[PDB]
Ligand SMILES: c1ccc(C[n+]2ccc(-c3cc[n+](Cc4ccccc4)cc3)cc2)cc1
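Only one chain is given next, in structure tokens, and it is the form deposited without the named molecule.
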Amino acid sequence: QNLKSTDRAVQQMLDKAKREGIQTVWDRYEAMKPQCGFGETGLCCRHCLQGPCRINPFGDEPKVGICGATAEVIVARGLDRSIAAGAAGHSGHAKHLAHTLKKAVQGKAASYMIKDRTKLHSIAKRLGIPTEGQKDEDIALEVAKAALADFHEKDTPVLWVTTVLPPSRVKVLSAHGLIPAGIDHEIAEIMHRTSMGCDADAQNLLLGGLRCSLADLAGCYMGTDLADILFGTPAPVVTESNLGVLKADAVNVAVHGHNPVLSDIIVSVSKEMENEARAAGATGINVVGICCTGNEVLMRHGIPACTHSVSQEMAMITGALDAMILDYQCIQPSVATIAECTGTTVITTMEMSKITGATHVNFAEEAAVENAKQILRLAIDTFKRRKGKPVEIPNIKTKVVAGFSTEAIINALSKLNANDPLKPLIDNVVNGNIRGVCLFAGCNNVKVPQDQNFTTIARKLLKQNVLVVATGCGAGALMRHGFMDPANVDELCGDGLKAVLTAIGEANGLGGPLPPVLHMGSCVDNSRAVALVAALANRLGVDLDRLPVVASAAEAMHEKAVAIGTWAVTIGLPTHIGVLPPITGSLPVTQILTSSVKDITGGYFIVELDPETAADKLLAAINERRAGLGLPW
């Protein structure tokens, strides 16, 4: 089972699934092999009813699609549609929070409110919205209107791009026509241009993709901004992760998906019903996180994270998971059928994301507390039904220090230099105690033994004094393996990095270092890493393609991850991907994405499936940036 997952709690659950005859994601993968090589390489098109068209990677015919579409065009069109689908997810999440904020301040949903007034005014100021002499609710109405306006064409481009990157970066992107005109506008234009008999030039297509990836970045940033206004900006928190956070004697409720609009409320209401839970024979309600909505409540409230991504079914296999409360994205629909075998109640809540066989509760922000109580009562009923059933919760968990929003990082650094908080970080980049910065992002993928690439790459980077930050299921992988426990700094970190983490930790009244890896939050919170990097760029007076900063989607899966990697390249970062995107069927497309894009944006993809080799490539990219700044390396 260590060939399927490097997580020992997952391995124990895979044994239980096997002996109980419950099919898992790994079993469904094995049944899919050998997978189609045309699709793996990108050399398949279904964009019209003349298809499917395929192109042999090598050999004889077919060499071209029926309409004349070349391998270059077919690969670039497929990739662009993946970018657009990722942008649609992140920006659908942001749009939902924009509507929630509007309703809150219009008096339509009093379970929601402005919790971070300071963040609200800073966002308004960034967008140019006047705050002097205005009520908070009017400022917020204007912020929510601005958010919604970025989805369509107007007299300004997308402000959640142009106001969040350095002017010099905006200017480079504008010169190549890459600034998005509106988020949903770009998604639709990608769908148009990639339909049959439209765009058929690989460079043109891929420039469209870069622009659409910036619409994804805007959605991410808008989502983080709005969630912080509504739910609070994260600050350092301590909690736990892995399946041992489940408790046999409690009602275990997992929040799963991405958008915390419902699950932030579940967290609050769950505490009101501790007595209702005690009356049903439980110790209380134990809310735990899966995937990114789990990250959201971990970062803001310290809710422990049960599991992530590819291993999500395993939480059910314990027999102790009484409810799994779903919104959207990254939820394996297998959970609805597994729940018949495990005695979990799987509940959907969003109109556009239902799963046959799950119970649907039509969550409305206007009724949020009511809906939360209905859902929690279903989970209490389910707890009662398992009275006397044995469960098998692996007694495996890690300690997690998290909550490192960019504001939190700046505040922690300010204890070393109050009026120039980024300077201590920069000083230690220059002196070599911090070699550079690597962001780990994205999913697990069944093709890769779970967490193997994240942990292998991270270990090598940390020994080489790289400051490692993480989000999403990259953060999940690292937290489940101990990389968010400061007790592991001595074992994992190079001496320079250890010195820096220790100095910041001690200056923040911890008597110990910051953790080895800094958890910056959910997938939309990749935007927080952008904020940090853009602030460093501003403080140094350079663009992001000169900073020693890289990204790694070391085990990517979702279309969202393809969008994030593409905008990481578009904003100027060397960006590793550790699973093969469907591009290898076209050498010209591969060469654009891994080489000639450097001449447009300064970033580039590093496609490398071997994690030891990927780490060496990422260190080489960091060290080239250091050399370009005249620094030793």
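Residue positions are given as counts along the sequence shown, with the first one as 1.
The same protein has a further form, the form solved in complex with the named molecule, not shown here; the description that follows concerns it.
Peer 1: Is it the case that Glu40, even though its partner is missing from this view, gets within 4.5 Å of the named molecule in the deposited complex, heavy atoms only?
Peer 2: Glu40: yes, in contact with the named molecule in the deposited complex.
Peer 1: I'd like to know if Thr594 sits close to the named molecule in the deposited complex, meaning any non-hydrogen atom pair within 4.5 angstroms.
Peer 2: Taking the distances in the deposited complex, the answer for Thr594 is no, it never comes within 4.5 Å of the named molecule.
Peer 1: At 4.5 Å between heavy atoms, is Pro62 in contact with the named molecule in the deposited complex?
Peer 2: No, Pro62 is distant from the partner.
Peer 1: Report yes if any heavy atom of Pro57 sits within 4.5 Å of a heavy atom of the named molecule in the deposited complex; otherwise report no.
Peer 2: Yes - in the deposited complex, heavy atoms of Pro57 and the named molecule come within 4.5 Å of each other.
Peer 1: Scan 582 to 597 and write down, in order along the chain, each residue with a heavy atom lying within 4.5 Å of the named molecule in the deposited complex.
Peer 2: Going through 582 to 597 in order - heavy atoms within 4.5 Å of the named molecule in the deposited complex - the hits are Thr584, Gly585.
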